[PDB]
Amino acid sequence: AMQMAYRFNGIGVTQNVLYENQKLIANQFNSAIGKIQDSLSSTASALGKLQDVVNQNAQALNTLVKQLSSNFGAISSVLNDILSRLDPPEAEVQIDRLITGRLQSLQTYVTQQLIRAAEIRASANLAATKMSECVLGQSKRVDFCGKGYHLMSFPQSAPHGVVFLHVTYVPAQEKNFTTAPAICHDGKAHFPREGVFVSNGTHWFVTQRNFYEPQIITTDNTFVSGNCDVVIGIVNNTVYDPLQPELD
Amino acid sequence: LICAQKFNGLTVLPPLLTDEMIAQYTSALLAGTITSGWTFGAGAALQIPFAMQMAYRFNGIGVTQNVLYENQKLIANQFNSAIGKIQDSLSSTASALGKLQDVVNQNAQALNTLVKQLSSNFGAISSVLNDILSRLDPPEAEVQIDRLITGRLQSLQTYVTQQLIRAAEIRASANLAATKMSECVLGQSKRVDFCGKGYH
Amino acid sequence: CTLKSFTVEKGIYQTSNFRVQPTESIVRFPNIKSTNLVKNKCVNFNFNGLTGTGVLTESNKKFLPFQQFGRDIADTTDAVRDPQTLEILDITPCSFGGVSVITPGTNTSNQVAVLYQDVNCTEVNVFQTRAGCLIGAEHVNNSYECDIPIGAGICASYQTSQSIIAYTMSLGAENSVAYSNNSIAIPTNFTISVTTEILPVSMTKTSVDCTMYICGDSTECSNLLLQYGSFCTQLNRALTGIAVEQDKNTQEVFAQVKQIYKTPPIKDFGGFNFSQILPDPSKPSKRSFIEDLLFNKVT
Amino acid sequence: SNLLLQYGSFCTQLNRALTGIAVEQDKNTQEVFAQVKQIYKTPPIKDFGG
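Chains as they are written, first to last, in full-length UniProt numbering: chain A, 899 to 1146; chain B, 849 to 1048; chain C, 301 to 332, 529 to 620, 641 to 676, 689 to 827; chain D, 750 to 799.
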């Protein structure tokens, strides 16, 4: 639980939203893993990449091994036939034609294999990077380790490949508020330390940028800078100044 | 030169996404990044006044936000002047779009070489199949036609190999561009000197 | 017949090409047998030995009084002078087009649509596109998500009492955020989401022998092949390079921990249920559940 | 066309390979300009703080 709190705290969402929503997050995570279970083991086969490798290798091998049955100009397609059917001083030219043909075919096969191997090398390096950054730590490259704010990841093996389950965070039902970038309380503008100002219509609050949780504007969530005569859109208001009640 | 190239079975398929769709895509990305900042790349779209998003982005690089809200007009003027400088710099120098010109040039050059390859003897007595047929008999014309076939086949092989290599390189560049689109546009980056030059 | 199968899956495939055919064979001889001239037809021609086929049209380019042929950047005869009537013609070759076929899959229906890649199809339901023309599909005015790409922004689908439809694809739902200089939108609830991402790591480490493939277990074939000495030694070197590269790939992607951590036998993980991804000792091997699910769907 | 049947499996190679490349091209664009489920329009007001 504390590690999940540490991982929330890395996307600008304070911990108190986790420790107070533990059951709900557990339930959502379990339901999601069940959905991914049901989505894999179904007729909706989504493993196209891992299958393309096998299919392309099989097709290349089949074409190469079928190339053995072409005359290329010679009088046969099997060496033993020409060997038992002709004398060497004549069989030389036919065997030579067959040799050039099969050698050209082998050359093309090797070249195609080299290129596809380079492509797979590129993909494997990308996979290594993703495994090192998404799994062994939380990432902040947007849309690299999932879709949304990334929380964690779990790898799973697969034939001739790897499969990442990215567990990511995505916000939900929102609300419209009226904002303002400053509060001229007493001639001095008060900017927010970390959050953003909102107004439910009459009052004002400061809240974190990713989860509506309205606090009260004090001299502890804000900081003063300059006079309230230069910021463009600023609204007069009051600040709590928490020392006055207890000190008096 | 388009149809002349086309006149030997060498056709050019049209792209799937016509230019209007790409324009709509880029306009969508712009509108999203200037009316919602980055949240439109991580779920729904949440609007936010542009000045406040810019203050978020300053806070991202260490500079507290009281710097922006006290220099808004100056920063807007610098931004506008910079955009104007960009527009002017494009409309005057020709060597700006070097890369995108290099691709077109190399593709057209490969195609022209492939076409001009169809006019050499390769050891035969001519480069016109109708000619060799109408001037010789099968038992002695088959060797000529074999020479020509081998030569043209070899040229085609070289062309396909060149295309494969170039396509691999452009695929690498397109993956790089996709990463830049995902990490620079849809959100502020911090990989130093990745998404520009300086703090981003 | 082309795919070498009895079941075809949903998509676009390519059969043989298409070629317009010569409707007439004209010839031109000097005044010393000659035949009549024809225009605007996909025809053969002959000009004093000069042989070819195309669309003999009237030229607009002013020759010089001694010029017969005409050419271009690609050096293709596209103008000739008439040795009978002293006329300079145009030429535009005619054999053009690939033939493809759209099919929703031979598990759903035996209906198909044909597509000619660059033809106005005044040749051979008909619907013209920007990417050739499309026979057998019916055009609509809606806009859906793309299912089978045609080109130039045209996508074809099967759903409709069914028929093949071909429409202009749509990018998505078009909305407008109510942006206002003092308006903001703040979330109130969240949602975890577990997505997947697939990555190929290594292909099958193959290997070929030079002489056992080019030759059989022959003798004079090897003694002939020894005239191309250093070819297939190089080939085998390249292939072993690829093999060791695959091995290194797997090593690098997975071998990133020096220890082998065992999870404790308890599962007091704050409330989460990892039972579907941690290994199961009851299994014969040591694979987990989703590992097996993946391992079965690759055949 | 008859003498070319002495090599035939070559050509069904080439086309195939080329088509691969062709398809991949569209895929490329689908990765770059396709990351927004929606299509946004900026409002007709141009009050962007300056």
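Cβ atoms here follow ideal geometry from the backbone N, Cα and C, with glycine treated the same way.
Task: Closest residue to residue 989 of chain B among B:980, B:901, B:852 (Cα-Cα distance) - done: Sequence index remark: in the second sequence, residue 989 of chain B carries index 141 (1-based). Comparing Cα positions, the closest option is B:980.
Task: Inter-residue Cα distance where the pair is residue 1047 of chain B and residue 948 of chain B - done: Position 199 of the second sequence, counted from the first residue, corresponds to residue 1047 of chain B. Position 100 of the second sequence, counted from the first residue, corresponds to residue 948 of chain B. When rounded, the distance between both Cα atoms is 27 Å.
Task: Cβ-based neighbour list, residue 730 of chain C, same chain, cut-off 6 Å, excluding 5 preceding and 5 following - done: In the third sequence, counting from the first residue as 1, residue 730 of chain C sits at position 202. The answer, listed in chain order, is 774, 777, 778.
Task: Neighbour flag for residue 770 of chain D against chain C, beta carbons, 8 Å - done: The residue given as residue 770 of chain D occupies position 21 in the fourth sequence. Residue 770 of chain D does not count as touching chain C.
Open item on the list: Along the UniProt region "Heptad repeat 1" (920-970) of chain B, where does the CB come closer than 7 Å to a CB of chain D? Name the residues.
Closed with: So the close ones are 920, 921, 924.
Task: Short CB-CB distance (under 8 Å) between residue 873 of chain B and chain D - done: Stepping through the second sequence from its first residue, residue 873 of chain B is reached at position 25. So yes, residue 873 of chain B belongs to the interface.
Task: Selection from A:961, A:900, A:997 that minimises the alpha carbon distance to residue 757 of chain C - done: Here residue 757 of chain C refers to the residue found at position 229 when the third sequence is read from its first residue. It is A:997.
Task: Residues near residue 1075 of chain A in its chain [Cβ-Cβ closer than 8 Å; skip 5 each side] - done: For the purposes of this step, residue 1075 of chain A is taken as residue 177 along the first sequence, with counting starting at 1. Spatial neighbours of residue 1075 of chain A in its own chain (CB-CB distance under 8 Å, excluding positions within 5 residues in sequence) are listed in chain order as 1096, 1097, 1098.
- [ ] Could you pull the start and end residues of the alpha helix (DSSP H) that residue 790 of chain B belongs to?
- [x] Outside the shown range of chain B, which is 849 to 1048, sits residue 790 of chain B, and nothing can be said about it.
- [ ] List the DSSP bridge partners of residue 649 of chain C.
- [x] In the third sequence, the residue the question calls residue 649 of chain C occupies position 133. DSSP lists C:612, C:644 as partners of residue 649 of chain C.
- [ ] Would you kindly work out how many angstroms separate the C-alpha atoms of residue 689 of chain C and residue 596 of chain C, rounded to a whole number?
- [x] As a first step, residue 689 of chain C must be located in the third sequence, where it is residue number 161. As a first step, residue 596 of chain C must be located in the third sequence, where it is residue number 100. One C-alpha to the other measures close to 24 Å.
TODO: Could you pull out every residue in the same chain whose Cβ sits closer than 6 Å to the Cβ of residue 1036 of chain A, ignoring the five residues on either side in sequence?
DONE: By 1-based counting over the first sequence, the position of residue 1036 of chain A is 138. Closer than 6 Å at the Cβ level, and outside the excluded window around residue 1036 of chain A, lie 905, 908.
Task: Proximity below 8 Å, CB of residue 540 of chain C to CB of residue 325 of chain C - done: Taking the third sequence and counting its residues from 1, the one referred to as residue 540 of chain C is at position 44. Taking the third sequence and counting its residues from 1, the one referred to as residue 325 of chain C is at position 25. Cβ atoms of residue 540 of chain C and residue 325 of chain C: closer than 8 Å.
Open item on the list: Under 9 Å, CB to CB, which of the residues in the stretch 881-898 of chain B have a partner in chain A?
Closed with: Of all residues in the stretch 881-898 of chain B, 886, 887, 889, 890, 891, 892, 894, 895, 896, 897 have a Cβ within less than 9 Å of some Cβ in chain A.
Open item on the list: Between the alpha carbons of residue 603 of chain C and residue 308 of chain C, how many angstroms are there, rounded?
Closed with: For the purposes of this step, residue 603 of chain C is taken as the residue at position 107 of the third sequence. For the purposes of this step, residue 308 of chain C is taken as the residue at position 8 of the third sequence. Each residue's Cα considered, the two are about 8 Å apart.
Task: Cβ-heavy atom distance, residue 1014 of chain B to the ligand ZN, below 7 Å - done: Of ligands this structure carries none, so the ligand ZN is not represented either.
Task: Option nearest residue 952 of chain A by Cα separation, candidates A:914, A:986, A:1058 - done: The sequence position of residue 952 of chain A within the first sequence is 54, counting from 1. The residue with the shortest Cα to Cα distance from residue 952 of chain A is A:1058.
Task: DSSP bridge partner residues for residue 314 of chain C (one or two, in chain order) - done: In the third sequence, the residue the question calls residue 314 of chain C occupies position 14. C:596.
- [ ] Would you kindly check if the distance between the Cβ of residue 1105 of chain A and the Cβ of residue 1122 of chain A is under 8 Å?
- [x] Taking the first sequence and counting its residues from 1, the one referred to as residue 1122 of chain A is at position 224. Taking the first sequence and counting its residues from 1, the one referred to as residue 1105 of chain A is at position 207. No, the pair does not count as a contact, with Cβ atoms beyond the cut-off.
Open item on the list: With H, G and I counted as helix, E and B as strand and the rest as coil, what does DSSP make of residue 904 of chain B?
Closed with: For the purposes of this step, residue 904 of chain B is identified with residue 56 of the second sequence, where counting begins at 1. If DSSP states are grouped into helix, strand and coil, residue 904 of chain B belongs with the helices.
Open item on the list: Given a cut-off of 8 Å on the beta-carbon distance, is the pair residue 1065 of chain A and residue 1025 of chain A in contact?
Closed with: Position 167 of the first sequence holds residue 1065 of chain A. Position 127 of the first sequence holds residue 1025 of chain A. No, they are not a contact pair.
TODO: Find the residues of chain C that neighbour residue 790 of chain D, judging by a C-beta separation of less than 9 Å, and give them in chain order.
DONE: For the purposes of this step, residue 790 of chain D is taken as residue 41 along the fourth sequence, with counting starting at 1. Within 9 Å Cβ-Cβ: 702, 703, 704, 705.
TODO: Starting from the Cα of residue 1020 of chain B, find the closest Cα among A:915, A:992, A:1018, A:941 and give me that residue.
DONE: Indexing the second sequence from 1 puts residue 1020 of chain B at position 172. Measuring from the Cα of residue 1020 of chain B, the nearest candidate turns out to be A:1018.
Task: Span of the alpha helix (DSSP H) around residue 789 of chain C - done: The residue you call residue 789 of chain C lines up with position 261 of the third sequence. First-last for residue 789 of chain C: undefined, no H or E at that position.
Task: Length of the line joining the Cα atoms of residue 973 of chain B and residue 992 of chain B - done: In the second sequence, counting from the first residue as 1, residue 973 of chain B sits at position 125. In the second sequence, counting from the first residue as 1, residue 992 of chain B sits at position 144. Near 7 Å, if we compare the C-alpha coordinates of residue 992 of chain B and residue 973 of chain B.
Open item on the list: By the 8 Å beta-carbon criterion, what residues does the stretch 992-1009 of chain B contribute toward chain A?
Closed with: Residues of the stretch 992-1009 of chain B with a C-beta atom less than 8 Å from some C-beta of chain A are 994, 1005, 1009, listed in chain order.
Open item on the list: Let me see if you follow: with CB-CB separation under 8 Å, is residue 783 of chain C close to chain A or not?
Closed with: In the third sequence, residue 783 of chain C corresponds to position 255, counting from 1. Taking Cβ atoms only, chain A never reaches closer than 8 Å to residue 783 of chain C, which makes this a no.
TODO: Identify every residue that forms a DSSP beta bridge with residue 1055 of chain A.
DONE: On the first sequence, position 157 is the one that residue 1055 of chain A refers to. Bridge partners of residue 1055 of chain A: A:1060.
Task: Extent of the continuous beta strand (DSSP E) run through residue 695 of chain C - done: As a first step, residue 695 of chain C must be located in the third sequence, where it is residue number 167. Judged by DSSP secondary structure, residue 695 of chain C falls within the beta strand (DSSP E) whose first and last residues are 693-695.
Open item on the list: On the criterion of 16 or more Cβ atoms from any shown chain inside 10 Å, does residue 917 of chain A qualify as buried, or is it exposed?
Closed with: Against the first sequence, residue 917 of chain A aligns to sequence position 19. Residue environment for residue 917 of chain A: exposed (fewer than 16 other C-beta atoms within 10 angstroms of its C-beta).
Task: residue 983 of chain A - partner residues in DSSP beta bridges - done: Within the first sequence, the letter at position 85 stands for residue 983 of chain A. Under DSSP, residue 983 of chain A forms no beta bridge with any residue.
Task: DSSP state of residue 794 of chain C mapped onto helix, strand, coil - done: As a first step, residue 794 of chain C is located in the third sequence; it is residue number 266 there, counting from the start. Residue state, collapsed to three classes: coil.
- [ ] Count the CB pairs spanning the stretch 1124-1135 of chain A and the stretch 850-863 of chain B that are closer than 8 Å, and state whether there are at least three.
- [x] Counting C-beta pairs closer than 8 Å gives fewer than three between the stretch 1124-1135 of chain A and the stretch 850-863 of chain B, which falls short of the contact rule.
Open item on the list: I'd like to know whether the C-beta of residue 775 of chain C is nearer than 8 Å to at least one C-beta of chain B.
Closed with: As a position in the third sequence, residue 775 of chain C is number 247, starting the count at 1. No - not a single Cβ of chain B is within 8 Å of the one on residue 775 of chain C.
- [ ] Spell out the partners DSSP gives residue 1125 of chain A in its beta bridges.
- [x] As a first step, residue 1125 of chain A must be located in the first sequence, where it is residue number 227. A:1086, per the DSSP bridge assignment.
Open item on the list: Contact criterion: CB-CB distance below 8 Å. Does residue 1011 of chain B meet it with respect to chain D?
Closed with: Your numbering for residue 1011 of chain B matches position 163 in the second sequence. True, the Cβ-Cβ gap to chain D drops below 8 Å.
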